[PDB]
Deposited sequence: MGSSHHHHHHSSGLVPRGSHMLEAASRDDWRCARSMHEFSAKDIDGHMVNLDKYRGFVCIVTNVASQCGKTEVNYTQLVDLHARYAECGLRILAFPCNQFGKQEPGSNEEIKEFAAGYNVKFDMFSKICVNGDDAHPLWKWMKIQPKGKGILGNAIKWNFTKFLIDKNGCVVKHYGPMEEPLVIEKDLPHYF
């Protein structure tokens, strides 16, 4: 199963409108995969800067996959519809997915896989707005914790475009 995967492209997820998406559609694209929340203290900085990154690098093949998750201080308590409306107010044009879990046996297998990409202890997602940078082949090449503002990622992007 997911432990054996070598690429994000092997997985699928429900977009925020409810339709299944084969993530192999991102082959050739450089992706930021992040878990988002609407009522976190860092909601405003992350949404705005992810929208800014997307506005400036999407034409180059930057893509952003945002997975809502209510596991961190219960700061994504709303429905998939309320979340999609919330993101529209920040002018989000990147890809929103249906709410998931990122930690636990019920976690989306994509997230189970990303968390073990190069010890067994301590890989749990720690708060809202963890960011994984995925290369064009679907490999995890960097992890930025919830303290890293998305614009920190900008200087690493050239190495993978």
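- Missing from the model, relative to the deposited sequence, are the stretches 1 to 28, 147 to 149.
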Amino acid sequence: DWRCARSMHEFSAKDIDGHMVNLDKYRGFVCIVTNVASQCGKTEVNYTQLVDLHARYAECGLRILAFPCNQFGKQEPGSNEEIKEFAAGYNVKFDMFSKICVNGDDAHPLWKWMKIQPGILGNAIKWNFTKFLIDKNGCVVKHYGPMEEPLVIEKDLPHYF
From here on, numbers count along this sequence of modelled residues.
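- As the entry records it, the average C-alpha temperature factor is higher for 1 to 9, out of 1 to 9 and 150 to 158.
- When 20 to 28 is weighed against 137 to 145, 20 to 28 comes out higher, by mean CA B-factor as recorded in the entry.
- Residues shown: 37, 96, 62, 120. Highest C-alpha temperature factor in the entry: 120.
- Residue 73 sits in the middle third of its chain by CA B factor, as recorded in the PDB entry.
- Annotation for residue 104: CA B-factor lies in the middle third of the chain's modelled residues.
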